[PDB]
Amino acid sequence: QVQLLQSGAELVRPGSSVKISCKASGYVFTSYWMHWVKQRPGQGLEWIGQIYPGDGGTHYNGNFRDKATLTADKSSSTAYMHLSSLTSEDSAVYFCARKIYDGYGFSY
Amino acid sequence: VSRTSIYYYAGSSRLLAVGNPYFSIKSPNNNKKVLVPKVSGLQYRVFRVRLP
């Protein structure tokens, strides 16, 4: 059964670097692209990027360019994002995105 | 063995097979069950018929 675990709360200091991760199971991890998203509080969601565990081909947003380093690992079945030199305007909520194998929209 | 002139036809329907020709993909959790079996031209497709 498919699931995406995520740690709910994370407290940090501005100007430092934090390692956010989410866990993948129920499917085969190398057969799907993964996306990450940001909902600014008092605003809609913002899509940041696109990452594949199979090869490691990355994709960023230009407004997040050099801000997040999308990298993953295939042994423990998880993907990472890692915001560098964090400021106050990125105090927000975050999810990691799973679509169907077709991949129109984010199912789980 | 003496033979009699009583002949009986038999016949199977179209047996099929479909999958990945490179490697079998297993379920991620259950590491004993297959998802798509591995089938190419190169396998010995040995049959095992049964008779009444």
# chains A, B, ... in the order shown; residues from 1 in each chain; ligands from 1

$ residues_around --residues "range 35-39 of chain A" --least-positions-apart "4" --cutoff "9 Å" --atoms "only C-alpha atoms" --output "ChimeraX atom specification"
/A:43-52,81,90,92-98

$ closest_atom_pairs --of "chain B" --to "chain A" --cutoff "12 Å" --atoms "only C-alpha atoms" --output "Markdown table"
| residue | atom | partner | partner_atom | distance |
| --- | --- | --- | --- | --- |
| B:25 | CA | A:28 | CA | 9.4 |
| B:26 | CA | A:28 | CA | 9.2 |
| B:27 | CA | A:28 | CA | 7.8 |
| B:28 | CA | A:28 | CA | 6.1 |
| B:29 | CA | A:26 | CA | 7.1 |
| B:30 | CA | A:26 | CA | 10.0 |
| B:35 | CA | A:28 | CA | 11.0 |

$ select_by_dssp --residues "chain A" --states "helix (DSSP H, G or I)" --output "VMD selection string"
chain A and resid 29 to 31 62 to 64 88 to 90

$ closest_residue --among "B:38, B:3, B:50, B:12" --to "residue 24 in chain B" --atoms "only C-alpha atoms"
B:38

$ select_by_dssp --residues "range 3-43 of chain B" --states "strand (DSSP E or B)" --output "PyMOL selection string"
chain B and resi 20+25-26+34-36+38

$ write_last_selection --atoms "N, CA, C and O atoms" --output "PDB file, in the first residue's frame"
ATOM      1  N   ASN B  20       8.010  -8.517 -19.610  1.00  0.00           N
ATOM      2  CA  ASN B  20       9.256  -7.820 -19.872  1.00  0.00           C
ATOM      3  C   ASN B  20      10.304  -8.803 -20.369  1.00  0.00           C
ATOM      4  O   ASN B  20      10.426  -9.901 -19.829  1.00  0.00           O
ATOM      5  N   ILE B  25      10.354  -8.042 -12.611  1.00  0.00           N
ATOM      6  CA  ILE B  25      10.195  -6.993 -11.613  1.00  0.00           C
ATOM      7  C   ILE B  25       9.326  -7.516 -10.478  1.00  0.00           C
ATOM      8  O   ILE B  25       8.208  -7.992 -10.704  1.00  0.00           O
ATOM      9  N   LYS B  26       9.840  -7.438  -9.260  1.00  0.00           N
ATOM     10  CA  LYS B  26       9.138  -7.947  -8.096  1.00  0.00           C
ATOM     11  C   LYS B  26       8.469  -6.802  -7.357  1.00  0.00           C
ATOM     12  O   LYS B  26       8.788  -5.634  -7.596  1.00  0.00           O
ATOM     13  N   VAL B  34       6.263 -11.989  -7.981  1.00  0.00           N
ATOM     14  CA  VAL B  34       6.604 -11.245  -9.184  1.00  0.00           C
ATOM     15  C   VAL B  34       5.493 -10.260  -9.499  1.00  0.00           C
ATOM     16  O   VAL B  34       4.372 -10.374  -8.992  1.00  0.00           O
ATOM     17  N   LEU B  35       5.805  -9.277 -10.333  1.00  0.00           N
ATOM     18  CA  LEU B  35       4.790  -8.389 -10.877  1.00  0.00           C
ATOM     19  C   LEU B  35       4.629  -8.577 -12.376  1.00  0.00           C
ATOM     20  O   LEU B  35       3.513  -8.717 -12.873  1.00  0.00           O
ATOM     21  N   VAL B  36       5.735  -8.567 -13.108  1.00  0.00           N
ATOM     22  CA  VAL B  36       5.757  -8.889 -14.530  1.00  0.00           C
ATOM     23  C   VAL B  36       6.814  -9.956 -14.789  1.00  0.00           C
ATOM     24  O   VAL B  36       8.007  -9.723 -14.545  1.00  0.00           O
ATOM     25  N   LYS B  38       9.475 -12.526 -16.580  1.00  0.00           N
ATOM     26  CA  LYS B  38      10.494 -12.302 -17.591  1.00  0.00           C
ATOM     27  C   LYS B  38      10.338 -13.349 -18.677  1.00  0.00           C
ATOM     28  O   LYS B  38      10.432 -14.549 -18.404  1.00  0.00           O
TER      29      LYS B  38
END

$ atom_distance --atom1 "CA of residue 60 in chain A" --atom2 "CA of residue 13 in chain A"
24.0 Å

$ residues_around --residues "range 15-24 of chain A" --least-positions-apart "6" --cutoff "6 Å" --atoms "only C-alpha atoms" --output "list in words"
residues 4, 5, 6, 77, 78, 79, 80, 81, 82, 83, 84, 85 and 86 of chain A

$ write_last_selection --atoms "C-alpha atoms" --output "compact mmCIF listing (two decimals), in the first residue's frame"
# COMPACT_ATOMS: atom_id res chain seq x y z
CA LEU A 4 4.46 9.13 1.76
CA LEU A 5 5.65 9.74 5.30
CA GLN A 6 6.71 13.26 6.23
CA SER A 77 13.97 5.04 -0.73
CA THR A 78 13.79 8.76 -0.01
CA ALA A 79 14.38 12.07 -1.74
CA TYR A 80 15.82 15.23 -0.24
CA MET A 81 15.65 18.93 -0.72
CA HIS A 82 18.13 21.16 1.11
CA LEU A 83 17.51 24.90 1.24
CA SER A 84 20.73 26.92 1.49
CA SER A 85 21.06 30.14 3.56
CA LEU A 86 17.41 30.18 4.62

$ residues_around --residues "residue 101 in chain A" --least-positions-apart "3" --cutoff "9 Å" --atoms "only C-alpha atoms" --output "list in words"
residues 31, 32 and 104 of chain A
